[PDB]
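Some notes on the structure that comes next.
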Amino acid sequence: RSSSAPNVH
Amino acid sequence: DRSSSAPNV
Amino acid sequence: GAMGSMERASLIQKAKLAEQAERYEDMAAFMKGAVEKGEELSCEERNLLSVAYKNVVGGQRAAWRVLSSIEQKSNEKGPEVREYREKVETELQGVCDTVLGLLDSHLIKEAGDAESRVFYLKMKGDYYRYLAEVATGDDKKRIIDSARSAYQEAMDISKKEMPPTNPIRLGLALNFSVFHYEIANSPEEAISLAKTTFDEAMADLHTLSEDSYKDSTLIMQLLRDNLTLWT
Amino acid sequence: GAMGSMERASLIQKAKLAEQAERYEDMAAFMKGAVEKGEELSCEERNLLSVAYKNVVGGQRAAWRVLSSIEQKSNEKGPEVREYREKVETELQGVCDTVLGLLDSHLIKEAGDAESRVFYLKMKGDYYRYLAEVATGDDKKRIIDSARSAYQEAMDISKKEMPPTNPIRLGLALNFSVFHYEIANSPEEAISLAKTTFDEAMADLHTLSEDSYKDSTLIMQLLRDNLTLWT
Ligand SMILES: *CC(=O)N1CC2(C1)CN(S(=O)(=O)c1ccc(I)cc1)CCO2
Ligand SMILES: *CC(=O)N1CC2(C1)CN(S(=O)(=O)c1ccc(I)cc1)CCO2
Ligand SMILES: [Cl-]
Ligand SMILES: [Cl-]
Ligand SMILES: [Mg+2]
Ligand SMILES: [Mg+2]
Ligand SMILES: [Mg+2]
Ligand SMILES: [Mg+2]
Ligand SMILES: [Mg+2]
């Protein structure tokens, strides 16, 4: 699977 | 430290 | 109940799916519906029930501890920490009451094999212990007496009907020892029980069954870990 | 709503508490309640809202994928796998509908800086995209067009109002390219947008801000991984 923006901070 | 109890087997 | 219209076999099947999906609130609801059919639970099903509610309440306890720590560290602010801690506390108590109700209403009984009777009474002691962790005042004293009686009753059965290496016997003794030490302020009772439990298991370790070696030795190591912590 | 009586400041404070307690359902409820006060959210509060709903929906997405995978293998046993999958699907759709309604009713507007406006339209595209992952039929085609429109409108703003290294611009471009590839069956558009975004960021590296450099680079790192996967 492609990577989406991560759940950061 | 907390005492350890039985874990999730 | 929300699960009353579903067949028992489908509830067990969905509990297993929910475990694979790590949906432990769902898993517990499914297993509560299975219990309420009023049929006996197998060893495997008891493990599903136990895994589901331990994950749910375990997450609440971790949360309650985080918030309680912040709350105490605001006593060295507004009411928000207490309110949110009380909110999580109330939810934790609801899940414990749900487990205790299932145990009282459906699962604890005089019939059945030793594994089942000891497991349910241990669970009763454990969920009174989780209530005790957040209780205060005269409520806390009542809860502690209830955990103890449940645990003792489990211990009496386990000593008569189970070998000293049985993982359910061992896990019960470990949790009872934690109760003594962390809840009932009886460190000597805790230390003594862990020591006797370890020793009697170690003296029979050569008799271990392949289906049980892993569990037994891990619980034994936890007993020793606690003794190192308490002495 | 259950949060209508609570002060805005207390809702934000408890949202931060719920994040420390890893109580993401609670955190989302608190931030929905804060959004509904009708005041604008700061960057820090937008991060609280985003982290909260992404954790909730992300857990449902992972669960839905596990269950959907198990369901595929009865094409390789009763309705239970499908039923339980449909139950998680419905819950996922409810949460996405909740986020989209907040975005439409309160958050998307003409005012505010570009980060805010780009963030909310990006979020709208993401939650239409999550709906698309489970939609099946004439519903799905509409959802895909809605995601596309939200992303494009966000893209227009970020290109006119933000430097090519802004972490929100990058994250928007990353997710839009994911939409093209995984949802809209448009691999060429995905590589081109990903490459152009990566390239133009690399050519304008001087626009990096130390307080956001780490964020920017992580998204660029991910664009490169995606191009490596897609080519
Ligand atoms: C066979 C049966 O009744 N089982 C219930 C169990 C398997 C054991 N319990 S427990 O709480 O007694 C326990 C034993 C060993 C270990 I390591 C952890 C917990 C938990 C549910 O599964
Ligand atoms: C300042 C502001 O509005 N923010 C919202 C954000 C900080 C950024 N978003 S995001 O989805 O644009 C994103 C950017 C970089 C990374 I690494 C992950 C996500 C998420 C919430 O916080
Ligand atoms: Cl609260
Ligand atoms: Cl279901
Ligand atoms: Mg039946
Ligand atoms: Mg001070
Ligand atoms: Mg209270
Ligand atoms: Mg006010
Ligand atoms: Mg559905």
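Identifiers in the structure tokens: chain A, B, ... in order shown; residue index from 1 per chain; ligand index from 1 in order shown.
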
Ligand 1: which residues are within 8 Å, counting only C-alpha atoms and all ligand atoms, as a PyMOL selection string?
(chain B and resi 6-9) or (chain C and resi 42-51+115-116+118-119+122-123+167-172+214-216+218-219)

Write out as JSON, numbers by chain each polymer residue (protein, DNA or RNA) that has an atom no more than 8 Å from ligand 8, with only C-alpha atoms and all ligand atoms counted.
{"D": [6, 7, 8]}

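If you look at atom CA of residue D:53 and atom 1 (Mg, counted along the ligand's line) of ligand 7, they are 28.0 Å away from each other.
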
When you look at residue B:4 with a cut-off of 12 Å (counting only C-alpha atoms), what residues show up, excluding the ones that are within fewer than 4 positions of it in the same chain? I need them as a short mmCIF file (atom, residue, chain, number, x, y, z; two decimals) with C-alpha atoms, in the first residue's frame.
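out-v5.cif, written as the output of this step:
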```
data_model
loop_
_atom_site.label_atom_id
_atom_site.label_comp_id
_atom_site.auth_asym_id
_atom_site.auth_seq_id
_atom_site.Cartn_x
_atom_site.Cartn_y
_atom_site.Cartn_z
CA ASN B 8 -3.12 -12.01 28.84
CA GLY C 171 -2.15 -17.34 38.08
CA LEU C 174 -0.02 -14.67 41.82
CA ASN C 175 -3.03 -12.35 41.63
CA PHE C 176 -4.04 -13.10 45.24
CA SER C 177 -0.50 -12.24 46.29
CA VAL C 178 -0.76 -8.95 44.34
CA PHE C 179 -4.06 -8.28 46.13
CA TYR C 181 0.50 -6.52 48.70
CA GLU C 182 -0.99 -3.71 46.61
CA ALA C 194 4.21 -16.12 46.57
CA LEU C 218 6.22 -17.59 33.17
CA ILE C 219 3.94 -17.30 36.20
CA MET C 220 6.72 -18.71 38.37
CA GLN C 221 9.10 -16.03 37.06
CA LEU C 222 6.51 -13.35 37.85
CA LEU C 223 6.20 -14.65 41.41
CA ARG C 224 9.97 -14.35 41.74
CA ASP C 225 9.98 -10.89 40.15
CA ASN C 226 7.41 -9.70 42.70
CA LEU C 227 9.38 -11.19 45.60
CA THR C 228 12.49 -9.36 44.42
CA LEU C 229 10.34 -6.23 44.30
CA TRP C 230 8.79 -6.78 47.75
#
```

Show me a table, sorted first by chain and then by increasing residue number, of the residues of chain A having an atom at most 9 Å from ligand 2, each with its shortest atom pair and the distance in Å to one decimal, counting only C-alpha atoms and all ligand atoms and written as a Markdown table.
```
| residue | atom | partner | partner_atom_place_in_ligand_line | distance |
| --- | --- | --- | --- | --- |
| A:4 | CA | ligand 2 | 18 (C) | 8.8 |
| A:5 | CA | ligand 2 | 18 (C) | 5.0 |
| A:6 | CA | ligand 2 | 18 (C) | 5.0 |
| A:7 | CA | ligand 2 | 18 (C) | 5.8 |
| A:8 | CA | ligand 2 | 18 (C) | 5.2 |
| A:9 | CA | ligand 2 | 22 (O) | 7.5 |
```

Residue subset to file, keeping C-alpha atoms, as a compact mmCIF listing (two decimals), in the first residue's frame:
```
# COMPACT_ATOMS: atom_id res chain seq x y z
CA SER A 4 -0.30 8.71 3.35
CA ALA A 5 0.59 11.51 5.78
CA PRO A 6 1.13 10.03 9.25
CA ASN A 7 -0.68 10.77 12.51
CA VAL A 8 2.07 13.01 13.92
CA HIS A 9 2.49 14.76 17.27
```

Contacts to ligand 3 at 8 Å cut-off (only C-alpha atoms and all ligand atoms) as a PyMOL selection string:
(chain C and resi 80-81+83-87) or (chain D and resi 14)

Could you turn the residues from that selection into a file that holds N, CA, C and O atoms, as a PDB file, in the first residue's frame?
```pdb
ATOM      1  N   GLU C  80     -10.821  20.275  35.801  1.00  0.00           N
ATOM      2  CA  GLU C  80     -10.972  19.444  34.609  1.00  0.00           C
ATOM      3  C   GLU C  80     -10.323  18.074  34.779  1.00  0.00           C
ATOM      4  O   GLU C  80     -10.870  17.064  34.317  1.00  0.00           O
ATOM      5  N   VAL C  81      -9.156  18.012  35.423  1.00  0.00           N
ATOM      6  CA  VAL C  81      -8.478  16.726  35.590  1.00  0.00           C
ATOM      7  C   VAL C  81      -9.327  15.785  36.438  1.00  0.00           C
ATOM      8  O   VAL C  81      -9.519  14.606  36.100  1.00  0.00           O
ATOM      9  N   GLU C  83     -12.595  15.864  36.971  1.00  0.00           N
ATOM     10  CA  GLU C  83     -13.762  15.496  36.176  1.00  0.00           C
ATOM     11  C   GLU C  83     -13.439  14.398  35.177  1.00  0.00           C
ATOM     12  O   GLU C  83     -14.188  13.425  35.048  1.00  0.00           O
ATOM     13  N   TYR C  84     -12.366  14.566  34.405  1.00  0.00           N
ATOM     14  CA  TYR C  84     -12.079  13.557  33.390  1.00  0.00           C
ATOM     15  C   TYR C  84     -11.625  12.245  34.037  1.00  0.00           C
ATOM     16  O   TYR C  84     -11.969  11.160  33.558  1.00  0.00           O
ATOM     17  N   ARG C  85     -10.853  12.323  35.124  1.00  0.00           N
ATOM     18  CA  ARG C  85     -10.503  11.114  35.871  1.00  0.00           C
ATOM     19  C   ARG C  85     -11.755  10.418  36.392  1.00  0.00           C
ATOM     20  O   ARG C  85     -11.907   9.200  36.232  1.00  0.00           O
ATOM     21  N   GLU C  86     -12.693  11.188  36.955  1.00  0.00           N
ATOM     22  CA  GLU C  86     -13.945  10.622  37.459  1.00  0.00           C
ATOM     23  C   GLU C  86     -14.770   9.987  36.342  1.00  0.00           C
ATOM     24  O   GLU C  86     -15.443   8.967  36.559  1.00  0.00           O
ATOM     25  N   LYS C  87     -14.718  10.573  35.145  1.00  0.00           N
ATOM     26  CA  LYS C  87     -15.417  10.022  33.987  1.00  0.00           C
ATOM     27  C   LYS C  87     -14.855   8.664  33.595  1.00  0.00           C
ATOM     28  O   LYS C  87     -15.606   7.741  33.265  1.00  0.00           O
TER      29      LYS C  87
ATOM     30  N   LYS D  14      -9.320  18.906  28.246  1.00  0.00           N
ATOM     31  CA  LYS D  14      -9.617  17.483  28.385  1.00  0.00           C
ATOM     32  C   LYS D  14      -9.220  16.712  27.133  1.00  0.00           C
ATOM     33  O   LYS D  14      -8.851  15.530  27.212  1.00  0.00           O
TER      34      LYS D  14
END
```

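Candidate residues C:73, C:117, C:16, C:142 were compared for distance to ligand 4, and the nearest is C:16, using only C-alpha atoms and all ligand atoms.
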
Residues at most 10 Å from residue D:202, counting only C-alpha atoms, excluding those fewer than 6 positions away in the same chain, as a PDB file with C-alpha atoms, in the first residue's frame?
```
ATOM      1  CA  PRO D 164       6.605  24.527  -1.671  1.00  0.00           C
ATOM      2  CA  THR D 165       8.094  23.113   1.560  1.00  0.00           C
ATOM      3  CA  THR D 196       6.496  17.522  -9.100  1.00  0.00           C
ATOM      4  CA  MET D 220       9.275  14.272   1.341  1.00  0.00           C
TER       5      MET D 220
END
```

Give me, as a Markdown table, the closest atom pair and its distance (Å, one decimal) for every residue of chain C within a cut-off of 9 Å of ligand 4, counting only C-alpha atoms and all ligand atoms, rows sorted by chain and rising number.
```
| residue | atom | partner | partner_atom_place_in_ligand_line | distance |
| --- | --- | --- | --- | --- |
| C:3 | CA | ligand 4 | 1 (Cl) | 8.9 |
| C:6 | CA | ligand 4 | 1 (Cl) | 8.8 |
| C:10 | CA | ligand 4 | 1 (Cl) | 8.9 |
| C:11 | CA | ligand 4 | 1 (Cl) | 8.5 |
| C:14 | CA | ligand 4 | 1 (Cl) | 7.0 |
| C:26 | CA | ligand 4 | 1 (Cl) | 8.9 |
| C:30 | CA | ligand 4 | 1 (Cl) | 8.7 |
```

Compute the set of protein, DNA and RNA residues whose minimum atom distance to ligand 9 is at most 10 Å, using only C-alpha atoms and all ligand atoms, and state it as JSON, numbers by chain.
{"D": [83, 85, 86, 87, 88, 89, 90, 91, 92, 93, 94, 134, 135, 136]}

Deliver the residues from the most recent selection as a file, using C-alpha atoms, as a PDB file, in the first residue's frame.
```pdb
ATOM      1  CA  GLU D  83     -22.217  -9.242   9.076  1.00  0.00           C
ATOM      2  CA  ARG D  85     -17.523  -6.561   8.478  1.00  0.00           C
ATOM      3  CA  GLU D  86     -20.708  -4.610   7.644  1.00  0.00           C
ATOM      4  CA  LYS D  87     -20.977  -3.539  11.287  1.00  0.00           C
ATOM      5  CA  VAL D  88     -17.458  -2.096  11.333  1.00  0.00           C
ATOM      6  CA  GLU D  89     -18.046  -0.553   7.897  1.00  0.00           C
ATOM      7  CA  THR D  90     -21.175   1.218   9.179  1.00  0.00           C
ATOM      8  CA  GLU D  91     -19.307   2.558  12.204  1.00  0.00           C
ATOM      9  CA  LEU D  92     -16.483   3.802   9.971  1.00  0.00           C
ATOM     10  CA  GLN D  93     -18.999   5.539   7.703  1.00  0.00           C
ATOM     11  CA  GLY D  94     -20.664   7.153  10.714  1.00  0.00           C
ATOM     12  CA  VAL D 134     -15.504   0.928   1.554  1.00  0.00           C
ATOM     13  CA  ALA D 135     -18.128   2.323  -0.850  1.00  0.00           C
ATOM     14  CA  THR D 136     -19.699  -0.009  -3.471  1.00  0.00           C
TER      15      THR D 136
END
```

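Note that atom CA of residue D:31 and atom CA of residue D:1 are 12.5 Å apart.
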
Best match for closeness to ligand 6 among C:207, C:74, C:201, C:100, counting only C-alpha atoms and all ligand atoms:
C:74
